[PDB]
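**Q** Dropping in the first section of the assembly, placed as in the complex:
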Amino acid sequence: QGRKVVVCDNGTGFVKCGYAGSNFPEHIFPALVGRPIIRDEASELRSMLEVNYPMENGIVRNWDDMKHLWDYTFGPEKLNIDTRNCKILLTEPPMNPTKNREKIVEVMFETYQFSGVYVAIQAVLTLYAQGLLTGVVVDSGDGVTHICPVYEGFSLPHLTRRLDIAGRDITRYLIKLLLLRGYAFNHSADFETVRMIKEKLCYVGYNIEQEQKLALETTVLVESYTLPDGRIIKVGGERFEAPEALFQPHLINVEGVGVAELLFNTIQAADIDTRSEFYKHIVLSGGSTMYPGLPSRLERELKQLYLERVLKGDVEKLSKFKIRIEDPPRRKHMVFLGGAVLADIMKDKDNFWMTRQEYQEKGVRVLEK
Amino acid sequence: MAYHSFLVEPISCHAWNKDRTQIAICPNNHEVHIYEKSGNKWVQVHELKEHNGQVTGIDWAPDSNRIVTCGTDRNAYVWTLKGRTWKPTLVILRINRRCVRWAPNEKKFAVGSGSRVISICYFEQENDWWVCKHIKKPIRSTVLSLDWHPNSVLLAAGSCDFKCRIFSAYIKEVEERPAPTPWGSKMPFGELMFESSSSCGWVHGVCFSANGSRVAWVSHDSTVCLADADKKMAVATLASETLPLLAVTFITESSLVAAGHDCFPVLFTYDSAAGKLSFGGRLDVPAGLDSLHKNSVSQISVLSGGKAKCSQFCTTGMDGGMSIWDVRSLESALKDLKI
Amino acid sequence: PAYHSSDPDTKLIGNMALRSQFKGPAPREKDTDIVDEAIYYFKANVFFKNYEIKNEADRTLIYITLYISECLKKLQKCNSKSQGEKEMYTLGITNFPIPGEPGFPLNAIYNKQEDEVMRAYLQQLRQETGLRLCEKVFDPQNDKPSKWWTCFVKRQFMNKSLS
């Protein structure tokens, strides 16, 4: 009846698009515009192709590339549908400029001439799949690890922090770490390779002292891995020390205190009537939330920063503090599914969605927000 | 006495089909394999790569023809056959942290894990989704082995807390009420009906009888302990000179067979008269090993006959060999073995 | 790379028809010839194993070379220039290889009148090659075959041979 609704998440590095209602994404392609100079369709050929990213750290840099990216996202490769005869729902990042949000709908009403549009907050959509009103949505993709606090369907822009450490930075940390270990890899040639190795064997440990101990003393953390060239490398403690920059951002020469310290200093910096509520509902969504062992470390450090500062040494008064974080099994793309749910729910619900006629008559900023 | 060399690595879980026509197993991998039997040689037919880690538990609902599986992937998959492809459905376990078995009712499954909470789970047809309520009362450790009783309302499980408790995971929204059992009258979801008295050794094995009168379990203190509610929940233990047992199952109402780190399937009988357990002996008598499997047994299910009169015993171990046993051949071999 | 053969209106016979006194299906022949052209780059292409066909003339050059190999292999035991000429006539008179017969080691690469013209051109080409090579093969000293030409007796061009 509504001419097929859809949902598209255009992230920094990985774009995930799926039909509304789908429990997963119906197409997941790498976000990179490629050009030739000689006489997942672009990622296959990158050694001899000039690749560019339209969405830099969440924001769009080159509209001439973003337009073609949209034409390739709605093209006969992944979606294969008419933009003028189908509605859509895009995902936006927290702390985004009003100019960006305006230009988005502007280009979605004029360039693509869509008949339907429905934007929503990624921090809100990520919790929407979990079915909650108040919670902490922390997104760590390839651009930046922004920590957003949501409450009653809204996010305090004065409470939304951000750590400049992303999956790309994890890759660079792993590739830098392996070099010291004795091996040798290139900064640009084996980029995706290093990213894969990190995605595979690397992780985040709970007890850094005990993990370092297990690595130095025992030979149980050391695992082997085969490369594309056929040669094999054996990485040990480098597996965990590389992702450990997520907890302490001083290991990569960055300004900040750490994701755990950021979340904790943003938790105690809330209303005292909401402090016991926001500490019991924290949603983990983003590519960097698939690192085996992040949940335990977050819970532990969050426990530390509310027992050294909130309890101030009081051991007995530590148990009373609620501590419950949920690492969902489908947390890898909660932003997408959360949309795929919303777009399925508000498919034909009243008329709370931007129209083309309302975008052609008047108001490119026709946004009830 | 029919051992089949399938792989070189160890085995995780052993499952069978309704008519025992197909067998399913996992080889400590991110995927689970399903093989059938076409003649003397066996050949693989299905492969499921849904889980994202080493598969720990897997059980197949016979009448329902539907196999559920849950392991290190911190998730559960209620796989059902869809045409020529086994489609898996992600049943949320809701656990922040190694066992699974369907009920006799084949309507809800128990998922005992390291979250110190026996996560029972039924299928809500109202929301077209699986829900998992967690029974965590009086539970201090992971659920090694979980086995149902004939009531399909009371579950038994051994823990790393050196005890084998028999609690109730009865969801009153998926079945009718439960009749009065000898193990108690008050049966509520989360209510602890029974427990062990051991303070040593881990309860790696646990299985209830067919009559539902007695519940036995194997502890890792080189000791096996069977309890009978027929004699006011009397507990009868016995220390084996052999190593610890890993899996425990009953062949008859008074005769059980079990193996483990001893790497050799053993038989035992418990006299209701005196009220004590007795050892039958070594049913598996013949690398360098003196037995079929070159490692410890890891699981032991029943092929056909029931827990009152098993005609064939299926044994999976850490040796990578499928040990198919028969009570008839075993009784024809060892003449000094009273079942 | 490898070597190739250097008219718009030129007759052809089969997959491959370009100055000798021997009779044949050969047209009148300029200063340089196909035999001379084949003899020019003979010592080079012999070591090469891989080769690509660019023109029909290249097949003829390959044939002349493959014939030159056996011709030299036979001339290796020569003791006189006249003996070499006679042996050249014997080689030209020989018929053991044909296009897609019992093995030309290149039957995958290459009517009655066409076959006759091809065979005649083959005998004429073999005779021309033998006769032309017979003079250059022997040195002015002691009427013996030169070692600098018998050097390529063991090497085989395109890893194939007529014999």
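**A** Received the coordinates, thanks. Numbering: from 1, shown residues only, chains lettered A, B, ... in the order given.

**Q** For residue A:354, name its beta-bridge partners.
**A** In this entry, residue A:354 is beta-bridged to residue A:117, by DSSP bridges.

**Q** Apologies, that question was intended for residue A:233.
**A** When assigned by DSSP bridges, residue A:233 has beta-bridge partners residue A:225.

**Q** That one: what's it in contact with?
**A** Each residue near residue A:233 by Cβ atoms under 8 Å, 6 or more residues apart in numbering or on different chains is listed here: A:178, A:183, A:224, A:225, A:227. Where C-beta positions appear, they are placed from N, C-alpha and C, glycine not excepted.

**Q** try it again with 10 Å
**A** By Cβ atoms under 10 Å, 6 or more residues apart in numbering or on different chains, residue A:233 lies in contact with A:178, A:181-185, A:197, A:201, A:223-227.

**Q** do residue B:197 as well
**A** Contacts of residue B:197 (Cβ under 10 Å, 6+ apart): B:162, B:163, B:164, B:225, B:227, B:235, B:237.

**Q** related to what we said a few turns ago, neighbour-wise, which of the contacts of residue A:233 leads?
**A** Each of these was scored by neighbours using other Cβ atoms under 10 Å in any protein chain shown; the highest score is residue A:197's, at 23 neighbours.

**Q** That one - that's part of a helix, no?
**A** Yes: assessed by DSSP: H, G, I helix; E, B strand; the rest coil, residue A:197 belongs to a helix.

**Q** if I look at it, how far off is residue A:190?
**A** 9 Å (Cβ to Cβ, to the nearest Å).

**Q** could you also fit chain D onto it:
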Amino acid sequence: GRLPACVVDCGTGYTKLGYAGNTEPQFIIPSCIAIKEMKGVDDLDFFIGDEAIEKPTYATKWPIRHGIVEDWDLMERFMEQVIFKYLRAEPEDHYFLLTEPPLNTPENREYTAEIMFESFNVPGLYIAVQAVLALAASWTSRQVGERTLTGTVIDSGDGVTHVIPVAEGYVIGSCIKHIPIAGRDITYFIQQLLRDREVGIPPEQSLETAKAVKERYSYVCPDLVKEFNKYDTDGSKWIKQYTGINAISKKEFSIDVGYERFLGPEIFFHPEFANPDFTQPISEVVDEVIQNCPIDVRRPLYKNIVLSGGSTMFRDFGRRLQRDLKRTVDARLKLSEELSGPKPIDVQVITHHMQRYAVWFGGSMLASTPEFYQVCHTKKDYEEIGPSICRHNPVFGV
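**A** Chain D added:
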């Protein structure tokens, strides 16, 4: 401090040892060690260098196979005699810079570190990359204008010839390509050619004679037609004569050197001649190596093409190399400019003065700087932390 450290590059066919700072090696010996066909000082009876090539009471063994070490103990004894018998310098009172292959394993570097630090108790130890010092030796052809650690280095030796891309001192393993034609294979080609062309040469001196032919008269030509037509038409000014002495009869044996002198050196420009399992020419290998690497550094890799090793000292090799490379490059550029509805790609093959032993020259030039005392792993750090201290060598000099 007051004294000088020692430098030792172990190659497949020849080992180059000496003192850093010197113009040439203090001893350039053969990569072979004498052994018995065991307790006590049985390991002390070991001869290395040229004095082991033709032992009769002992057996001549080869250790360095294709740049990598095969038998560790033998190499240990060899380094022992290289330190005490050939160099005769106090190890505890001197540092040392050892050379590694392009495909040197990390564990191998660890083992080398163990053998150098535990047994010798060296005051300093530094394991360097061959191409890294090679680009530095190539930075001793061009003066101060363009001395950079960016460029593509092709190291050809007796064991294996390789094309390794180097960027700012850091090599790109994913782009590195291996070649099959090495100095021993060209020497062997000369041996077979000489075996088929003329006779009267003793079999016990055939190989050495072939090597001599590859040394004195071997030269690479531009065309394969003219170098033969000049020998067929003239052959009075081209064909050279070689005279040797048969070690057996002590008599003057003589042979004629000709076309082989062109063919052997031509084996690199065309590998199809003597290898059925190889069809790629060196030009294509270098092209693919430069192309399969980062695009941003591709121009720099094509700009600084450095020749390293002994097998690249042959006459007019780099000329033909640069010719073919620039030919294919200009061709592809024209093809890209014909369908363009491009800037001039500059390519240069550098020929260093010490291109024969560049791997050791670069090391001597690195060890002479003060930074080499700051960069080299200390014995203290080696005993305090472990072998992992020698696992990552810093690159400086830029």
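
**Q** In light of the added chain D, please revisit the contacts of residue A:233.
**A** A:178, A:181-185, A:197, A:201, A:223-227, D:105-106.

**Q** if we go to 8 Å?
**A** Going by Cβ under 8 Å, 6+ apart, residue A:233 touches A:178, A:183, A:224, A:225, A:227, D:106.

**Q** quick one: which of the residues you listed is nearest residue B:171?
**A** residue A:225 (45.1 Å; Cβ to Cβ).

**Q** my read: the closest one touches residue A:198, true?
**A** No: contact criterion Cβ atoms under 8 Å: residue A:225 and residue A:198 do not qualify, at 10.6 Å.

**Q** Please enumerate the shared neighbours of the two.
**A** By Cβ under 8 Å, 6+ apart, no residue touches both residue A:225 and residue A:198.

**Q** Which helix or strand contains the residue in chain B that chain C sits nearest to?
**A** For chain B, the residue closest to chain C is residue B:43, as judged by Cβ to the nearest Cβ, at 41.3 Å. In this assignment (DSSP states H and E), residue B:43 forms part of strand B:42-48.

**Q** May I see the buried residues of that strand?
**A** Buried residues in strand B:42-48, counting neighbours by 16 or more other Cβ atoms under 10 Å in any protein chain shown, are found at B:46, B:48.

**Q** could you list every residue that touches the closest residue to residue A:194 other than its chain neighbours?
**A** Nearest non-adjacent residue to residue A:194, counting by Cβ to Cβ, 6 or more residues apart in numbering or on different chains: residue A:175, 3.9 Å away. Neighbour list for residue A:175: A:185, A:187, A:190, A:191, A:194 [criterion: Cβ under 8 Å, 6+ apart].
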